[PDB]
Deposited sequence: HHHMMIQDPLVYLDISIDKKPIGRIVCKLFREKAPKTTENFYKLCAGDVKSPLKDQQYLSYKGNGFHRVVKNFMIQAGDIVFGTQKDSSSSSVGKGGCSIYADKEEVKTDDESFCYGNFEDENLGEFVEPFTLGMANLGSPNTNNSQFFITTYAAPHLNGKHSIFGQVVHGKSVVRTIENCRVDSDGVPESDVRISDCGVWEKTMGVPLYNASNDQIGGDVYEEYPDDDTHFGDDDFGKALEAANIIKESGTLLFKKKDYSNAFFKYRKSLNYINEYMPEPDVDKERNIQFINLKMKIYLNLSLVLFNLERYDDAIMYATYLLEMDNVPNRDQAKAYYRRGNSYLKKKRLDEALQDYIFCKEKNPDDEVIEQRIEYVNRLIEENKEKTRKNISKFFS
């Protein structure tokens, strides 16, 4: 007659690759539909069950690796028997649930999968970012190994317990998914769950390889195809998104937060490249996306100069100059900024030629004639060093 409610719990995994922090993944676990599975994962994140594997220890995913990565399919972790300590070819062969006891571990020598428990919620793998249990390839062989899907995976349907979904840090999942692997899907780099636990919102969602700052109303996923705010042929909403993300970057640029400004401008570019309609599909918006793309390439060339990323600055200025029908004032900015980057790299001939094109394109340029003179002098100083 009575039914107490407990909400789906939230847990987190912090990911580091070769001790370099990437960011936090926050997962929501399906307690109603998969209660034994949810309890196991929750407690392995929380790290408070005593280990039946070694006397002075707790079971936990902390320090565990992602030992199998298959792009366009899934990423797999959780061999806490072999996959966490040091010195095997054994990684991937083990696991241990919170239901294991020391008696099982002693008696069954040959087995390295302890506390196997029942399948639950054996549904379909339709959406990316679904959490499922890895098993030994037969019913009710769940222990501690799990995966996060990165695609639709219908071949898994009915075979693996579905127990959760990623809520925050979908981009970190994609970062893992793109790691180079060998032919067996083993990552070349050391991808680790560097910490884990129970999550709530005041703990935050760190991200190191892109910016998830909501400054300027940037609510959008890093990966444009993973965003869920609008439809894939809603060009007006896509353009709104790209503009918001651009403005977020500028707010950050004004605070001298150059790395995050760069991250936002790059994200805006990715949205543009993903959603921009062809001329015959939406004439006025195609023009608007193109104009925004020019602005983004110019912003990128400037902020990357500030970060001593001169190669990157040169790349983006070149993308801009290679576009059709770039207005002369924009061309002049691209040449000036590309020139500045070549100058920092002591590419004097290249810098000079860009600065000369800058003048042709905006001859009321003010700072430019002096810049050409400065470079001309450096080239003369160089010829003197050579001569001596």
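- Sequence ranges 88-89, 391-397 have no coordinates in this entry (deposited sequence, numbered from 1, C-alpha basis).
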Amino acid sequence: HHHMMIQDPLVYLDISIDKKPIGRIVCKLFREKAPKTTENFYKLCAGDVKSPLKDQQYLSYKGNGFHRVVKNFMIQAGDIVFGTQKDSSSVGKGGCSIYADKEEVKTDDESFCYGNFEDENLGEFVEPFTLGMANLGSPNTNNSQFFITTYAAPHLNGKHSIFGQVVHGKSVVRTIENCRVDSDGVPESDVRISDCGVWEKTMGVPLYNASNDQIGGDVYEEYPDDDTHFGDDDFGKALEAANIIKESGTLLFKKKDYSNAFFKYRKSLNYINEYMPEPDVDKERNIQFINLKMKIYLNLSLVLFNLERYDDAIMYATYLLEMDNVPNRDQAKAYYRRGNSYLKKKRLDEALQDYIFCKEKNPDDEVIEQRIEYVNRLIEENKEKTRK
From here on, numbers count along this sequence of modelled residues.
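- Between 293-301 and 270-278, the higher mean Cα B-factor belongs to 270-278.
- Stretches 229-237 and 73-81 differ in mean C-alpha B factor, with the higher average recorded for 229-237.
- Based on the entry's C-alpha B-factors, the most elevated value among 42, 319, 61, 58 belongs to 58.
- Residues shown: 54, 338, 67, 347. Highest C-alpha temperature factor in the entry: 54.
- Sorting the modelled residues of the chain by their CA temperature factor places residue 14 in the lowest third.
- Looking at the C-alpha B-factors along this chain, the one for residue 174 belongs to the lowest third.
- Among the modelled residues of the chain, residue 132 sits in the lowest third by CA temperature factor in this PDB entry.
- The entry lists a Cα temperature factor for residue 147 that places it in the lowest third of the chain's modelled residues.
- When the modelled residues of the chain are ordered by C-alpha B-factor, residue 111 sits in the highest third.
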